[PDB]
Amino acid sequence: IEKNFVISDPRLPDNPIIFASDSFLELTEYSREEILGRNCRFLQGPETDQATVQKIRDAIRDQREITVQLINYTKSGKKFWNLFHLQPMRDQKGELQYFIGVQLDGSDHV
(Lines of atoms letter the chains of each structure in order from A and count residues from 1; the text may use other names and numbers.)
(Lines give C-alpha, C1' and ligand atoms only; values in the text may rest on other atoms or scores of the structure.)
Protein backbone atom coordinates (compact mmCIF):
# COMPACT_ATOMS: atom_id res chain seq x y z
CA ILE A 1 0.00 0.00 0.00
CA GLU A 2 2.89 2.38 0.86
CA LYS A 3 6.71 2.39 0.79
CA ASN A 4 8.50 5.31 2.52
CA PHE A 5 6.62 6.11 5.70
CA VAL A 6 7.02 6.78 9.38
CA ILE A 7 4.52 6.61 12.20
CA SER A 8 4.77 9.14 15.02
CA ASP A 9 3.13 9.00 18.42
CA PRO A 10 1.71 12.44 19.29
CA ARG A 11 0.96 11.19 22.83
CA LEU A 12 4.69 11.12 23.56
CA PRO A 13 6.80 14.29 24.02
CA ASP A 14 7.58 16.07 20.73
CA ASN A 15 5.68 13.57 18.54
CA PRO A 16 8.56 11.04 18.05
CA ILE A 17 8.89 8.47 15.26
CA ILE A 18 7.94 5.04 16.67
CA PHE A 19 7.93 3.06 13.41
CA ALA A 20 9.76 3.46 10.11
CA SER A 21 9.48 1.31 7.00
CA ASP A 22 12.59 -0.31 5.47
CA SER A 23 12.19 2.01 2.46
CA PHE A 24 12.28 5.20 4.58
CA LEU A 25 15.66 4.04 5.95
CA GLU A 26 16.95 3.75 2.37
CA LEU A 27 15.60 7.17 1.32
CA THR A 28 17.09 9.07 4.26
CA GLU A 29 20.27 6.98 4.79
CA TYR A 30 19.52 6.59 8.52
CA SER A 31 19.22 3.31 10.44
CA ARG A 32 16.12 2.44 12.48
CA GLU A 33 18.16 3.02 15.68
CA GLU A 34 19.14 6.53 14.49
CA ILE A 35 15.50 7.48 13.82
CA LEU A 36 13.24 5.99 16.51
CA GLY A 37 12.34 8.40 19.29
CA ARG A 38 13.16 11.55 17.30
CA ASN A 39 10.86 14.12 15.73
CA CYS A 40 11.07 13.94 11.92
CA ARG A 41 12.24 17.61 11.66
CA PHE A 42 15.86 16.33 11.62
CA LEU A 43 15.34 15.88 7.87
CA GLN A 44 15.15 19.67 7.54
CA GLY A 45 18.02 22.09 6.85
CA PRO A 46 19.16 25.41 5.35
CA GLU A 47 16.88 25.56 2.28
CA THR A 48 13.77 24.16 3.96
CA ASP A 49 10.97 26.69 3.35
CA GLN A 50 9.70 27.76 6.77
CA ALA A 51 6.27 28.70 5.37
CA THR A 52 5.85 25.03 4.43
CA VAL A 53 7.10 23.90 7.87
CA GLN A 54 4.44 26.22 9.33
CA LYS A 55 1.77 24.56 7.15
CA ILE A 56 2.76 21.10 8.45
CA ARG A 57 2.82 22.41 12.06
CA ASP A 58 -0.67 23.86 11.61
CA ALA A 59 -1.96 20.66 9.97
CA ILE A 60 -0.65 18.65 12.93
CA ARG A 61 -2.21 21.15 15.37
CA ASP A 62 -5.58 20.85 13.55
CA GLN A 63 -5.15 17.10 12.98
CA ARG A 64 -5.85 17.43 9.24
CA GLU A 65 -4.21 15.73 6.29
CA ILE A 66 -1.84 17.80 4.13
CA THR A 67 0.14 17.17 0.92
CA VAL A 68 3.14 19.47 0.50
CA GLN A 69 6.59 19.60 -1.10
CA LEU A 70 9.63 20.66 0.91
CA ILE A 71 13.42 20.56 0.84
CA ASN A 72 14.92 17.81 2.99
CA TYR A 73 18.40 16.40 3.57
CA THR A 74 19.77 12.86 3.86
CA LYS A 75 22.20 11.80 6.62
CA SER A 76 25.17 12.68 4.38
CA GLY A 77 23.68 16.12 3.60
CA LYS A 78 22.26 15.34 0.15
CA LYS A 79 19.45 17.80 -0.62
CA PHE A 80 16.20 16.36 -2.02
CA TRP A 81 12.63 17.49 -2.66
CA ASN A 82 10.39 15.55 -0.29
CA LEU A 83 6.88 15.07 -1.66
CA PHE A 84 5.21 14.75 1.71
CA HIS A 85 1.76 13.47 2.73
CA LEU A 86 0.58 13.66 6.34
CA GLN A 87 -2.45 11.80 7.70
CA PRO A 88 -3.84 11.75 11.25
CA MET A 89 -4.83 8.30 12.52
CA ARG A 90 -7.68 8.12 15.00
CA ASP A 91 -8.89 5.25 17.16
CA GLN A 92 -12.48 3.96 17.01
CA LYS A 93 -13.40 6.37 19.83
CA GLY A 94 -12.32 9.26 17.56
CA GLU A 95 -9.23 10.19 19.57
CA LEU A 96 -5.96 10.87 17.77
CA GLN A 97 -3.55 7.96 18.14
CA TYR A 98 -0.83 8.36 15.49
CA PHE A 99 0.31 10.35 12.50
CA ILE A 100 1.48 8.62 9.34
CA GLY A 101 3.96 10.56 7.21
CA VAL A 102 4.60 9.41 3.65
CA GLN A 103 7.70 10.64 1.80
CA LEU A 104 8.75 10.47 -1.85
CA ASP A 105 11.99 11.71 -3.42
CA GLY A 106 10.77 14.24 -5.99
CA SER A 107 14.30 14.88 -7.29
CA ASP A 108 15.87 13.31 -10.39
CA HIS A 109 19.38 11.94 -9.79
CA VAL A 110 20.50 11.05 -13.35
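Under this definition, the rigid core comprises the largest set of C-alpha atoms superposing within 1.5 Å between the forms. Quick note: we count residues from 1 along the sequence shown, nothing fancier.
Stretch with greater C-alpha deviation in 4 other deposited structures of this protein, 20-28 versus 97-105 (rigid core superposition): When 20-28 and 97-105 are compared in 4 other deposited structures of this protein, 97-105 lies farther out.
73-81 set against 37-45, stretch whose average Cα temperature factor tops the other in the entry: It is 73-81.
Higher-B stretch (mean Cα B-factor, as the entry records it), 87-95 or 12-20: Result: 87-95.
Where the record places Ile56 (Cα B-factor, split into thirds across the chain): According to the entry, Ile56 has a C-alpha B-factor in the chain's lowest third.
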